[PDB]
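*Asks:* For reference, the file protein_7.txt (compact mmCIF, C-alpha atoms and all ligand atoms) is included below:
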```txt
# COMPACT_ATOMS: atom_id res chain seq x y z
CA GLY A 1 -33.12 -10.70 -12.91
CA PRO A 2 -36.14 -12.74 -11.71
CA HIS A 3 -37.13 -16.01 -13.36
CA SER A 4 -40.21 -18.20 -13.55
CA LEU A 5 -41.30 -21.80 -14.01
CA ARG A 6 -44.85 -22.05 -15.40
CA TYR A 7 -47.18 -24.82 -16.53
CA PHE A 8 -50.27 -24.26 -18.67
CA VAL A 9 -52.73 -27.15 -18.43
CA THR A 10 -55.83 -27.57 -20.59
CA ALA A 11 -58.48 -30.28 -20.56
CA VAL A 12 -61.29 -30.13 -23.13
CA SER A 13 -64.16 -32.62 -23.32
CA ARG A 14 -65.58 -33.68 -26.69
CA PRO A 15 -68.79 -35.73 -26.36
CA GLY A 16 -69.22 -38.36 -29.06
CA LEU A 17 -65.57 -38.09 -30.07
CA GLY A 18 -63.97 -40.07 -27.29
CA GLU A 19 -62.02 -38.95 -24.22
CA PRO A 20 -61.12 -35.32 -23.45
CA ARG A 21 -58.00 -33.91 -25.05
CA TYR A 22 -55.39 -33.18 -22.39
CA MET A 23 -52.38 -30.91 -22.80
CA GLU A 24 -49.52 -29.65 -20.66
CA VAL A 25 -46.99 -27.02 -21.73
CA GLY A 26 -44.15 -25.83 -19.53
CA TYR A 27 -42.16 -22.60 -19.72
CA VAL A 28 -38.99 -21.32 -18.06
CA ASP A 29 -39.56 -17.56 -18.36
CA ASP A 30 -40.80 -16.94 -21.91
CA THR A 31 -39.20 -20.13 -23.29
CA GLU A 32 -41.21 -23.33 -23.90
CA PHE A 33 -39.26 -26.38 -22.65
CA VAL A 34 -41.60 -29.36 -22.08
CA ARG A 35 -44.87 -30.64 -23.50
CA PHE A 36 -47.49 -33.37 -23.22
CA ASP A 37 -50.38 -33.85 -25.68
CA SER A 38 -52.82 -36.74 -25.20
CA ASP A 39 -53.67 -36.54 -28.91
CA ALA A 40 -50.25 -37.85 -29.93
CA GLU A 41 -49.91 -41.44 -31.18
CA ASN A 42 -47.73 -42.49 -28.24
CA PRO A 43 -48.34 -39.67 -25.69
CA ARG A 44 -45.17 -38.83 -23.80
CA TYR A 45 -43.69 -35.81 -22.07
CA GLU A 46 -41.14 -34.41 -24.49
CA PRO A 47 -38.36 -31.80 -24.56
CA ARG A 48 -39.09 -28.51 -26.30
CA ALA A 49 -35.77 -26.79 -25.59
CA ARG A 50 -32.30 -28.07 -26.52
CA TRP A 51 -30.89 -27.95 -22.99
CA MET A 52 -33.46 -30.43 -21.69
CA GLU A 53 -31.28 -33.07 -23.35
CA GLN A 54 -29.29 -32.89 -20.11
CA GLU A 55 -32.03 -34.72 -18.19
CA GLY A 56 -31.71 -38.51 -18.05
CA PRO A 57 -34.25 -41.03 -19.39
CA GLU A 58 -35.80 -41.40 -15.94
CA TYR A 59 -36.88 -37.74 -16.00
CA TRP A 60 -39.02 -38.40 -19.05
CA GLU A 61 -40.48 -41.60 -17.67
CA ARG A 62 -41.31 -39.92 -14.37
CA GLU A 63 -42.94 -36.86 -15.96
CA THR A 64 -44.76 -38.97 -18.55
CA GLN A 65 -46.30 -41.05 -15.76
CA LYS A 66 -47.22 -37.88 -13.86
CA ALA A 67 -48.88 -36.43 -16.97
CA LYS A 68 -50.99 -39.55 -17.55
CA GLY A 69 -52.16 -39.34 -13.96
CA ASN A 70 -53.01 -35.66 -14.32
CA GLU A 71 -54.94 -36.35 -17.51
CA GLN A 72 -57.16 -38.78 -15.57
CA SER A 73 -57.51 -36.32 -12.70
CA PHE A 74 -58.78 -33.62 -15.06
CA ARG A 75 -61.04 -36.00 -16.92
CA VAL A 76 -62.73 -36.64 -13.58
CA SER A 77 -62.76 -32.91 -12.87
CA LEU A 78 -64.63 -32.30 -16.12
CA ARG A 79 -67.23 -34.90 -15.17
CA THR A 80 -67.49 -33.58 -11.62
CA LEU A 81 -68.07 -30.01 -12.80
CA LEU A 82 -71.06 -31.18 -14.85
CA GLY A 83 -72.52 -32.24 -11.52
CA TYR A 84 -71.68 -29.06 -9.64
CA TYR A 85 -73.15 -26.90 -12.41
CA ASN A 86 -75.89 -29.38 -13.28
CA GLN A 87 -74.96 -29.35 -16.98
CA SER A 88 -75.69 -31.87 -19.74
CA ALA A 89 -73.06 -34.43 -20.74
CA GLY A 90 -73.52 -33.61 -24.41
CA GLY A 91 -71.64 -30.32 -24.42
CA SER A 92 -67.93 -29.52 -24.64
CA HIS A 93 -66.31 -27.84 -21.65
CA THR A 94 -62.87 -26.56 -20.75
CA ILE A 95 -60.74 -26.55 -17.62
CA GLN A 96 -57.60 -24.41 -17.53
CA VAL A 97 -54.79 -24.07 -14.99
CA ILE A 98 -51.62 -21.95 -14.64
CA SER A 99 -49.27 -23.26 -11.97
CA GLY A 100 -45.83 -21.93 -11.15
CA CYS A 101 -43.24 -20.16 -9.06
CA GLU A 102 -40.87 -17.24 -9.52
CA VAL A 103 -37.47 -16.68 -7.94
CA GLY A 104 -35.33 -13.60 -7.62
CA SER A 105 -31.89 -13.14 -9.10
CA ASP A 106 -30.50 -15.01 -6.08
CA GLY A 107 -32.66 -18.09 -6.74
CA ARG A 108 -34.95 -17.36 -3.80
CA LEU A 109 -38.75 -17.71 -3.95
CA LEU A 110 -40.61 -14.49 -4.80
CA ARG A 111 -44.11 -15.89 -5.35
CA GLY A 112 -46.07 -19.03 -6.12
CA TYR A 113 -49.47 -19.47 -7.72
CA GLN A 114 -52.03 -21.80 -9.23
CA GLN A 115 -55.35 -20.65 -10.69
CA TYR A 116 -58.23 -22.49 -12.35
CA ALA A 117 -60.85 -21.49 -14.91
CA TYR A 118 -63.90 -23.38 -16.12
CA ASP A 119 -65.10 -22.44 -19.62
CA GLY A 120 -63.06 -19.25 -19.58
CA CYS A 121 -64.13 -17.95 -16.25
CA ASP A 122 -62.24 -17.78 -12.76
CA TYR A 123 -63.12 -20.86 -10.76
CA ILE A 124 -60.63 -21.16 -7.88
CA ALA A 125 -57.22 -19.64 -7.06
CA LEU A 126 -54.56 -20.03 -4.38
CA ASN A 127 -54.09 -16.86 -2.34
CA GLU A 128 -50.71 -15.10 -2.16
CA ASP A 129 -49.97 -16.53 1.29
CA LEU A 130 -50.13 -20.02 -0.26
CA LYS A 131 -52.34 -21.09 2.64
CA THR A 132 -55.93 -20.71 1.43
CA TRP A 133 -58.03 -20.65 -1.74
CA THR A 134 -60.54 -18.12 -3.01
CA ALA A 135 -63.56 -19.44 -4.92
CA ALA A 136 -65.36 -17.56 -7.69
CA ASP A 137 -68.74 -19.24 -7.14
CA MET A 138 -70.64 -21.87 -5.15
CA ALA A 139 -69.29 -24.71 -7.28
CA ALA A 140 -65.70 -23.67 -6.52
CA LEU A 141 -66.66 -23.32 -2.84
CA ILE A 142 -67.40 -27.06 -2.80
CA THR A 143 -63.94 -27.70 -4.24
CA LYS A 144 -62.48 -25.35 -1.64
CA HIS A 145 -64.09 -27.33 1.19
CA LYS A 146 -62.93 -30.67 -0.22
CA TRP A 147 -59.36 -29.50 -0.71
CA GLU A 148 -59.26 -27.95 2.75
CA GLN A 149 -60.32 -31.18 4.44
CA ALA A 150 -57.81 -33.04 2.26
CA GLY A 151 -54.97 -30.71 3.21
CA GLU A 152 -54.30 -29.77 -0.41
CA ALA A 153 -53.05 -26.25 0.39
CA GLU A 154 -50.22 -27.68 2.49
CA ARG A 155 -49.28 -30.14 -0.25
CA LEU A 156 -49.37 -27.43 -2.91
CA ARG A 157 -47.39 -25.00 -0.78
CA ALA A 158 -44.65 -27.63 -0.29
CA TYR A 159 -44.43 -28.05 -4.06
CA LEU A 160 -44.25 -24.30 -4.75
CA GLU A 161 -41.58 -23.57 -2.12
CA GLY A 162 -39.59 -26.74 -2.69
CA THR A 163 -39.92 -28.83 -5.86
CA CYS A 164 -40.87 -25.87 -8.05
CA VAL A 165 -38.05 -23.62 -6.83
CA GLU A 166 -35.44 -26.39 -6.89
CA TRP A 167 -36.20 -27.52 -10.43
CA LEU A 168 -36.37 -23.98 -11.76
CA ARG A 169 -32.85 -23.39 -10.38
CA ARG A 170 -31.70 -26.56 -12.10
CA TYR A 171 -33.35 -25.62 -15.40
CA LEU A 172 -31.74 -22.16 -15.34
CA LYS A 173 -28.40 -23.83 -14.56
CA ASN A 174 -28.58 -26.43 -17.34
CA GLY A 175 -29.88 -24.02 -19.99
CA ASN A 176 -27.98 -20.97 -18.80
CA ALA A 177 -26.56 -20.31 -22.27
CA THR A 178 -30.12 -20.04 -23.59
CA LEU A 179 -32.11 -18.67 -20.66
CA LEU A 180 -29.56 -16.17 -19.35
CA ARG A 181 -28.71 -14.63 -22.73
CA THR A 182 -29.77 -11.27 -24.11
CA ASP A 183 -30.51 -10.65 -27.79
CA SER A 184 -30.69 -6.97 -28.69
CA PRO A 185 -33.64 -5.89 -30.85
CA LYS A 186 -33.01 -4.62 -34.38
CA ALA A 187 -35.48 -1.89 -35.32
CA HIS A 188 -36.86 -0.23 -38.44
CA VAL A 189 -39.82 1.89 -39.55
CA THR A 190 -42.29 1.25 -42.38
CA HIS A 191 -44.42 3.92 -44.08
CA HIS A 192 -47.94 3.53 -45.54
CA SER A 193 -50.35 5.81 -47.44
CA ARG A 194 -53.83 6.67 -46.18
CA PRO A 195 -56.82 8.12 -48.04
CA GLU A 196 -57.26 10.98 -45.58
CA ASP A 197 -54.04 12.62 -46.78
CA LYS A 198 -51.90 11.37 -43.90
CA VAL A 199 -49.59 8.41 -43.33
CA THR A 200 -49.24 5.38 -41.10
CA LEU A 201 -45.87 4.98 -39.41
CA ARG A 202 -45.03 1.56 -37.99
CA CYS A 203 -42.08 0.82 -35.75
CA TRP A 204 -40.76 -2.76 -35.79
CA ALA A 205 -38.50 -4.39 -33.19
CA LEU A 206 -37.00 -7.76 -34.20
CA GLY A 207 -34.91 -10.69 -32.96
CA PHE A 208 -34.89 -9.87 -29.25
CA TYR A 209 -34.84 -11.84 -25.98
CA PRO A 210 -36.11 -11.81 -23.31
CA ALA A 211 -39.66 -10.92 -24.40
CA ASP A 212 -40.23 -7.81 -22.26
CA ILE A 213 -39.80 -4.61 -24.24
CA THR A 214 -41.24 -1.14 -24.66
CA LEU A 215 -42.03 0.63 -27.94
CA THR A 216 -43.28 4.21 -27.96
CA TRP A 217 -43.86 7.00 -30.45
CA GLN A 218 -42.95 10.56 -29.50
CA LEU A 219 -43.88 14.04 -30.74
CA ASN A 220 -42.41 17.21 -29.23
CA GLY A 221 -40.80 14.83 -26.76
CA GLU A 222 -44.12 13.52 -25.44
CA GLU A 223 -45.43 9.95 -25.75
CA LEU A 224 -48.43 9.44 -28.03
CA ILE A 225 -49.11 6.16 -26.19
CA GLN A 226 -52.84 6.89 -26.35
CA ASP A 227 -53.39 7.35 -30.10
CA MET A 228 -51.12 4.56 -31.37
CA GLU A 229 -51.80 0.94 -32.29
CA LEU A 230 -49.78 -2.20 -31.59
CA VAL A 231 -49.68 -5.99 -31.22
CA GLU A 232 -48.76 -8.01 -28.16
CA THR A 233 -45.15 -9.19 -28.12
CA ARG A 234 -45.04 -12.43 -30.10
CA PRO A 235 -42.68 -15.43 -30.61
CA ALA A 236 -40.86 -15.63 -33.95
CA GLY A 237 -40.25 -19.38 -34.21
CA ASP A 238 -36.59 -19.52 -33.19
CA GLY A 239 -36.79 -18.59 -29.52
CA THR A 240 -36.77 -14.83 -30.10
CA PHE A 241 -39.60 -12.30 -30.08
CA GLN A 242 -40.88 -9.34 -32.10
CA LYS A 243 -43.40 -6.50 -31.81
CA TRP A 244 -44.59 -3.44 -33.72
CA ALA A 245 -46.31 -0.16 -32.82
CA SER A 246 -47.86 2.33 -35.22
CA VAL A 247 -49.16 5.88 -35.27
CA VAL A 248 -51.14 7.80 -37.88
CA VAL A 249 -49.53 11.14 -38.69
CA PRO A 250 -50.12 14.05 -41.13
CA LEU A 251 -48.50 13.63 -44.53
CA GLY A 252 -45.32 15.68 -44.69
CA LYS A 253 -44.99 15.71 -40.89
CA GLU A 254 -43.33 12.28 -40.60
CA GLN A 255 -39.89 13.52 -39.53
CA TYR A 256 -41.49 15.04 -36.42
CA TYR A 257 -42.23 11.63 -34.93
CA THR A 258 -39.62 9.31 -33.45
CA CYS A 259 -39.79 5.71 -32.28
CA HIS A 260 -38.28 4.71 -28.95
CA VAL A 261 -37.26 1.15 -28.14
CA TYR A 262 -36.38 0.18 -24.56
CA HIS A 263 -34.94 -3.27 -23.94
CA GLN A 264 -32.63 -5.21 -21.63
CA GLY A 265 -30.28 -5.56 -24.59
CA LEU A 266 -30.25 -1.84 -25.35
CA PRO A 267 -27.76 -0.01 -23.07
CA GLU A 268 -29.22 3.21 -24.41
CA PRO A 269 -32.76 3.15 -25.88
CA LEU A 270 -33.02 3.17 -29.66
CA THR A 271 -34.46 6.23 -31.37
CA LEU A 272 -35.57 5.97 -34.99
CA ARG A 273 -37.23 8.29 -37.48
CA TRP A 274 -38.62 7.44 -40.90
CA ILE B 1 -66.82 -17.35 -23.38
CA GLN B 2 -66.41 -17.42 -27.16
CA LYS B 3 -63.81 -15.09 -28.64
CA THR B 4 -62.84 -14.83 -32.29
CA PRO B 5 -59.11 -15.39 -32.86
CA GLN B 6 -56.72 -12.67 -33.96
CA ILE B 7 -54.47 -14.03 -36.73
CA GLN B 8 -51.00 -12.58 -37.35
CA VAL B 9 -48.60 -13.63 -40.11
CA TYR B 10 -44.97 -12.53 -40.14
CA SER B 11 -41.40 -13.54 -40.96
CA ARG B 12 -38.53 -13.82 -38.46
CA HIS B 13 -36.20 -11.69 -40.59
CA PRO B 14 -37.03 -8.89 -42.99
CA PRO B 15 -37.70 -10.82 -46.22
CA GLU B 16 -34.99 -11.18 -48.88
CA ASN B 17 -35.66 -13.26 -51.99
CA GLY B 18 -33.49 -16.38 -52.03
CA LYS B 19 -32.58 -16.26 -48.33
CA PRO B 20 -33.78 -18.87 -45.78
CA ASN B 21 -36.21 -17.42 -43.23
CA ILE B 22 -39.04 -18.50 -40.92
CA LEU B 23 -42.73 -17.78 -41.48
CA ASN B 24 -44.99 -17.43 -38.45
CA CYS B 25 -48.74 -17.58 -37.89
CA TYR B 26 -49.68 -16.58 -34.34
CA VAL B 27 -53.33 -17.25 -33.47
CA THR B 28 -54.44 -15.45 -30.34
CA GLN B 29 -57.23 -14.37 -28.00
CA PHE B 30 -59.59 -17.22 -28.85
CA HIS B 31 -62.00 -19.46 -26.95
CA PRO B 32 -63.03 -22.30 -26.94
CA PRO B 33 -59.64 -24.03 -27.54
CA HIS B 34 -60.63 -26.26 -30.48
CA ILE B 35 -59.19 -24.81 -33.67
CA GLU B 36 -57.63 -25.77 -37.01
CA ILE B 37 -54.58 -24.00 -38.41
CA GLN B 38 -52.88 -24.44 -41.78
CA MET B 39 -50.04 -22.55 -43.40
CA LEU B 40 -50.21 -22.26 -47.19
CA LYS B 41 -47.74 -21.65 -50.00
CA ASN B 42 -49.40 -20.55 -53.22
CA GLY B 43 -52.75 -21.84 -51.98
CA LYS B 44 -51.37 -25.26 -51.05
CA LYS B 45 -50.93 -26.60 -47.51
CA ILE B 46 -47.33 -26.61 -46.26
CA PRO B 47 -46.49 -30.12 -44.87
CA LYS B 48 -43.82 -29.57 -42.19
CA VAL B 49 -45.59 -26.98 -40.00
CA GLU B 50 -44.52 -26.90 -36.35
CA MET B 51 -47.02 -25.97 -33.61
CA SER B 52 -45.60 -24.31 -30.50
CA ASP B 53 -45.83 -21.64 -27.81
CA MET B 54 -49.30 -22.66 -26.73
CA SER B 55 -50.58 -20.66 -23.75
CA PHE B 56 -53.32 -18.43 -22.38
CA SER B 57 -53.50 -14.91 -21.01
CA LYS B 58 -55.01 -13.67 -17.75
CA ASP B 59 -58.47 -13.52 -19.32
CA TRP B 60 -57.97 -17.21 -20.18
CA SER B 61 -58.09 -16.80 -23.97
CA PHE B 62 -55.76 -19.12 -25.90
CA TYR B 63 -52.60 -18.38 -27.85
CA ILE B 64 -50.68 -20.69 -30.19
CA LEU B 65 -47.98 -20.50 -32.86
CA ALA B 66 -47.55 -22.26 -36.18
CA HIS B 67 -44.25 -21.78 -37.97
CA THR B 68 -42.18 -23.19 -40.79
CA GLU B 69 -38.89 -22.51 -42.53
CA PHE B 70 -39.13 -20.89 -45.96
CA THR B 71 -37.13 -19.11 -48.62
CA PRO B 72 -39.07 -16.07 -49.90
CA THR B 73 -39.46 -15.57 -53.63
CA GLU B 74 -40.72 -12.41 -55.30
CA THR B 75 -43.97 -14.02 -56.42
CA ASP B 76 -44.72 -16.88 -54.01
CA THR B 77 -47.62 -15.95 -51.74
CA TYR B 78 -48.10 -17.27 -48.21
CA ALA B 79 -51.13 -17.36 -45.97
CA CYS B 80 -52.57 -18.89 -42.81
CA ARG B 81 -56.02 -20.47 -42.82
CA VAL B 82 -57.84 -20.82 -39.51
CA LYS B 83 -61.07 -22.62 -38.57
CA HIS B 84 -62.78 -21.73 -35.28
CA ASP B 85 -66.35 -22.20 -34.00
CA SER B 86 -66.72 -18.44 -33.61
CA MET B 87 -66.73 -18.30 -37.43
CA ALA B 88 -69.00 -19.98 -39.99
CA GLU B 89 -66.20 -20.36 -42.54
CA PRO B 90 -62.38 -20.59 -42.45
CA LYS B 91 -60.47 -17.31 -42.31
CA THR B 92 -57.37 -16.97 -44.50
CA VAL B 93 -54.93 -14.20 -43.64
CA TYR B 94 -52.03 -13.42 -46.00
CA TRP B 95 -48.41 -12.64 -45.26
CA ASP B 96 -47.96 -8.93 -46.05
CA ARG B 97 -44.25 -8.52 -46.60
CA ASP B 98 -44.59 -4.73 -46.81
CA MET B 99 -46.33 -4.24 -43.47
CA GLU C 1 -41.16 -30.50 -12.74
CA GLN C 2 -44.95 -30.60 -12.85
CA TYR C 3 -47.32 -30.82 -9.88
CA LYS C 4 -49.49 -33.90 -9.25
CA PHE C 5 -53.14 -32.79 -9.35
CA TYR C 6 -56.24 -34.33 -7.79
CA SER C 7 -59.83 -33.76 -8.92
CA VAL C 8 -61.86 -30.65 -8.20
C1 LIG D 301 -23.16 -22.11 -18.85
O1 LIG D 301 -22.70 -22.80 -17.68
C2 LIG D 301 -21.55 -23.66 -17.93
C3 LIG D 301 -21.19 -24.30 -16.58
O2 LIG D 301 -21.32 -25.74 -16.61
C4 LIG D 301 -22.52 -26.19 -17.18
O3 LIG D 301 -23.22 -27.13 -16.35
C5 LIG D 301 -24.22 -27.94 -17.03
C6 LIG D 301 -25.33 -28.20 -16.02
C7 LIG D 301 -24.75 -27.25 -18.31
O4 LIG D 301 -25.45 -26.07 -17.98
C8 LIG D 301 -23.60 -26.93 -19.29
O5 LIG D 301 -23.88 -25.71 -19.98
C9 LIG D 301 -22.27 -26.79 -18.56
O6 LIG D 301 -21.65 -28.06 -18.42
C10 LIG D 301 -20.38 -22.84 -18.52
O7 LIG D 301 -19.27 -23.70 -18.83
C11 LIG D 301 -18.13 -23.49 -18.07
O8 LIG D 301 -17.75 -22.11 -18.25
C12 LIG D 301 -16.59 -21.78 -17.49
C13 LIG D 301 -16.49 -20.26 -17.43
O9 LIG D 301 -17.41 -19.73 -16.49
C14 LIG D 301 -15.39 -22.49 -18.11
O10 LIG D 301 -14.20 -22.13 -17.43
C15 LIG D 301 -15.61 -24.01 -18.01
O11 LIG D 301 -14.60 -24.68 -18.76
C16 LIG D 301 -17.00 -24.46 -18.50
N1 LIG D 301 -17.28 -25.78 -17.94
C17 LIG D 301 -17.77 -26.77 -18.69
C18 LIG D 301 -18.01 -28.10 -17.99
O12 LIG D 301 -18.02 -26.65 -19.90
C19 LIG D 301 -20.80 -22.05 -19.77
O13 LIG D 301 -19.75 -21.19 -20.19
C20 LIG D 301 -22.04 -21.22 -19.45
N2 LIG D 301 -22.48 -20.56 -20.67
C21 LIG D 301 -22.91 -19.30 -20.63
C22 LIG D 301 -23.35 -18.69 -21.96
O14 LIG D 301 -22.99 -18.64 -19.58
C1 LIG D 302 -80.86 -29.16 -13.36
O1 LIG D 302 -81.28 -28.62 -14.62
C2 LIG D 302 -82.50 -29.24 -15.12
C3 LIG D 302 -82.82 -28.58 -16.47
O2 LIG D 302 -81.91 -28.98 -17.48
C4 LIG D 302 -83.66 -29.06 -14.10
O3 LIG D 302 -84.80 -29.81 -14.51
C5 LIG D 302 -83.24 -29.49 -12.68
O4 LIG D 302 -84.25 -29.15 -11.75
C6 LIG D 302 -81.91 -28.83 -12.28
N1 LIG D 302 -81.50 -29.27 -10.95
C7 LIG D 302 -81.19 -28.38 -10.00
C8 LIG D 302 -80.78 -28.93 -8.64
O5 LIG D 302 -81.20 -27.15 -10.18
```
Translate this structure into structure tokens?

*Replies:*
Amino acid sequence: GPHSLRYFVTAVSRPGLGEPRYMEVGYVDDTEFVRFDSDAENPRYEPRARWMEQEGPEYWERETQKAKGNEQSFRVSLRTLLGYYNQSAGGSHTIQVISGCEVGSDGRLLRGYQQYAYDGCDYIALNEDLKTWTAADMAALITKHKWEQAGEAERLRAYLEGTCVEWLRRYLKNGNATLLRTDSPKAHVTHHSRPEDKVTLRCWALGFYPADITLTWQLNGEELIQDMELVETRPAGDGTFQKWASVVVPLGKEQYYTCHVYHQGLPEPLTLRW
Amino acid sequence: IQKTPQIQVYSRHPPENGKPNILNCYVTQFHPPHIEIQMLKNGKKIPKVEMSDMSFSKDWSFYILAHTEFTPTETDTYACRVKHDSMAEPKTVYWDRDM
Amino acid sequence: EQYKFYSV
């Protein structure tokens, strides 16, 4: 299926406490594989997935140097934004960026993207065509004009169609045993009492990969999607994911509800009852 | 943009006393990013906690995971204490093995 | 690999 290379970058100022904290976390699909944290003793880009051991020492030196340069770039961005927004230098502010590309099953580019946020709100984003930016406000419009005159769109587009795609292919190749695998979810249902003379039924799905999955509760063959509760799919510490979905049903009527689990590792969807 | 974090505590495998497992504390949907997270065993901070899977959703709120290896016992209790500006005092959420 | 950014 399709795959993605994504980088989450965060820069947070902290007046009176020194320089901004700068962090970079990279993911190949839903798997973390690289990281940089300026708050480390000896800040360096480091592997987060076993297969990254296949990259030589120069990879780490190169990326470490790149990270240090980005940190400085964002530190200046933080300062610049105080000017655009005319804000005081005594407050903490945050800049966020998602940058990445996605390829199809054949390793061919499907889409590229890079979006910014300042203090939790859209700032500037590259359009689908990878040729122009769209600014959320007048501050971002200034950035848009600067970047346009600097030819940034062209430089970013070259990265997204080239560098980004080429390295993603390499990452998928080197870590194929990890990234191309499929772990089937194991499911079970828990039961809990309620005051109102009814019960809570919770469907659990464990140890699966990739992260995408669907959990539903059915009655009379129809999905109760609406009246149920759930949590977002979450990592379980070993590279796999888990999720749960619950529904409140009338005591004694439990056997009338069934849980459905759809996943890449489930040839036929799982159906469970309590 | 200030959002209170959702705190979820769970094990990798269904718990079984005496068997190695992994305890997770996923802190999500929060903003600003500054935050303190501690995993506890019987009210005491666990030393070897690993931080990972840091990211943010489309609405820009942050997500991060704290996890450690552990061997469940019938009476040992586990919890995750979180400190965020959206709250005056630290919030401690327990691991509910029966959930 | 990561992209090389320049200030906003
Ligand atoms: C994953 O791919 C390897 C192919 O070679 C890999 O190349 C490296 C970049 C790195 O990704 C390493 O994993 C490997 O060195 C597969 O290994 C080969 O498998 C074939 C069968 O298709 C076998 O005949 C060869 O002997 C293997 N070659 C080597 C050099 O080991 C490996 O099986 C793949 N694993 C999975 C789960 O798909
Ligand atoms: C910037 O904000 C200050 C108030 O903190 C105000 O005095 C000043 O006029 C503002 N400048 C502009 C250009 O809006």

*Asks:* Pick out the chain C residues within 6 Å of chain A. Count only C-alpha atoms. Give them as a list in words.

*Replies:*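 Per the criterion, chain C yields residues 5, 6, 7 and 8 of chain C.
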
*Asks:* Go ahead and write the selection's residues with C-alpha atoms as a PDB file, keeping the file's coordinate frame.

*Replies:*
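File written: part25.pdb
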```pdb
ATOM      1  CA  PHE C   5     -53.140 -32.790  -9.350  1.00  0.00           C
ATOM      2  CA  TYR C   6     -56.240 -34.330  -7.790  1.00  0.00           C
ATOM      3  CA  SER C   7     -59.830 -33.760  -8.920  1.00  0.00           C
ATOM      4  CA  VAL C   8     -61.860 -30.650  -8.200  1.00  0.00           C
TER       5      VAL C   8
END
```

*Asks:* Could you give me, as a list in words, every polymer residue with an atom at most 6 Å away from an atom of ligand LIG 301 (chain D), counting all atoms listed in the file?

*Replies:*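 With all atoms listed in the file and a cut-off of 6 Å, ligand LIG 301 (chain D) is contacted by residues 173, 174, 175, 176 and 177 of chain A.
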
*Asks:* With C-alpha atoms kept, could you save the residues just selected as a JSON list (two decimals), keeping the file's coordinate frame?

*Replies:*
```
[["chain", "number", "residue", "atom", "x", "y", "z"],
["A", 173, "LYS", "CA", -28.40, -23.83, -14.56],
["A", 174, "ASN", "CA", -28.58, -26.43, -17.34],
["A", 175, "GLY", "CA", -29.88, -24.02, -19.99],
["A", 176, "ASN", "CA", -27.98, -20.97, -18.80],
["A", 177, "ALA", "CA", -26.56, -20.31, -22.27]]
```

*Asks:* Using all atoms listed in the file, which residues sit within 10 Å of residue A:240 once same-chain residues fewer than 3 positions away are excluded, as a VMD selection string?

*Replies:* (chain A and resid 30 to 31 182 to 183 185 206 to 211 234 to 237) or (chain B and resid 12)

*Asks:* Please return the centre and edge lengths, in Å to one decimal, of a box with edges along x, y and z that contains all listed atoms of ligand LIG 302 (chain D), widened by 6 Å on every side, as lines of an AutoDock Vina configuration file.

*Replies:*
```
center_x = -82.8
center_y = -28.5
center_z = -13.1
size_x = 16.0
size_y = 14.7
size_z = 20.8
```

*Asks:* Ligand LIG 302 (chain D): which residues are within 8 Å, counting all atoms listed in the file, as a list in words?

*Replies:*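 The distance check yields residues 86, 87 and 88 of chain A.
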
*Asks:* Now that the selection is made, can you save its residues with C-alpha atoms as a short mmCIF file (atom, residue, chain, number, x, y, z; two decimals), in the frame of the given file?

*Replies:*
```
data_model
loop_
_atom_site.label_atom_id
_atom_site.label_comp_id
_atom_site.auth_asym_id
_atom_site.auth_seq_id
_atom_site.Cartn_x
_atom_site.Cartn_y
_atom_site.Cartn_z
CA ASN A 86 -75.89 -29.38 -13.28
CA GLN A 87 -74.96 -29.35 -16.98
CA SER A 88 -75.69 -31.87 -19.74
#
```

*Asks:* Between atom CA of residue A:271 and atom CA of residue A:187, what is the spacing in Å?

*Replies:*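 Pair atom CA of residue A:187 / atom CA of residue A:271 returns 9.1 Å.
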
*Asks:* By how many Å are atom CA of residue A:125 and atom CA of residue A:45 apart?

*Replies:*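 Going from atom CA of residue A:125 over to atom CA of residue A:45, I get 25.9 Å.
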
*Asks:* Give one line per residue of chain B that approaches chain A to at most 7 Å, naming the two atoms of the closest pair and their distance in Å to one decimal, counting only C-alpha atoms; sort by chain then ascending residue number and deliver it as CSV.

*Replies:*
```
residue,atom,partner,partner_atom,distance
B:1,CA,A:120,CA,5.7
B:12,CA,A:236,CA,5.4
B:22,CA,A:237,CA,6.9
B:24,CA,A:236,CA,6.4
B:53,CA,A:32,CA,6.3
B:55,CA,A:8,CA,6.2
B:60,CA,A:120,CA,5.5
B:67,CA,A:237,CA,6.0
B:99,CA,A:190,CA,6.9
```

*Asks:* Mind writing the picked residues with C-alpha atoms as a short mmCIF file (atom, residue, chain, number, x, y, z; two decimals), in the coordinates of the input?

*Replies:*
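Final output, part-v1.cif:
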```
data_model
loop_
_atom_site.label_atom_id
_atom_site.label_comp_id
_atom_site.auth_asym_id
_atom_site.auth_seq_id
_atom_site.Cartn_x
_atom_site.Cartn_y
_atom_site.Cartn_z
CA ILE B 1 -66.82 -17.35 -23.38
CA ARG B 12 -38.53 -13.82 -38.46
CA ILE B 22 -39.04 -18.50 -40.92
CA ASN B 24 -44.99 -17.43 -38.45
CA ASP B 53 -45.83 -21.64 -27.81
CA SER B 55 -50.58 -20.66 -23.75
CA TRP B 60 -57.97 -17.21 -20.18
CA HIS B 67 -44.25 -21.78 -37.97
CA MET B 99 -46.33 -4.24 -43.47
#
```

*Asks:* Quick one: pull the distance between atom CA of residue A:195 and atom CA of residue A:261, Å, one decimal.

*Replies:*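 Atom-to-atom, atom CA of residue A:195 to atom CA of residue A:261, that is 28.8 Å.
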
*Asks:* Would you pick out the contacts of residue B:90 at 12 Å or less, using only C-alpha atoms, so that residues sharing its chain but fewer than 2 positions from it are not included, and give the list as a list in words?

*Replies:*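 Listed by chain and then number, they are residues 4, 5, 7, 35, 36, 37, 38, 80, 81, 82, 83, 84, 85, 86, 87, 88, 92 and 93 of chain B.
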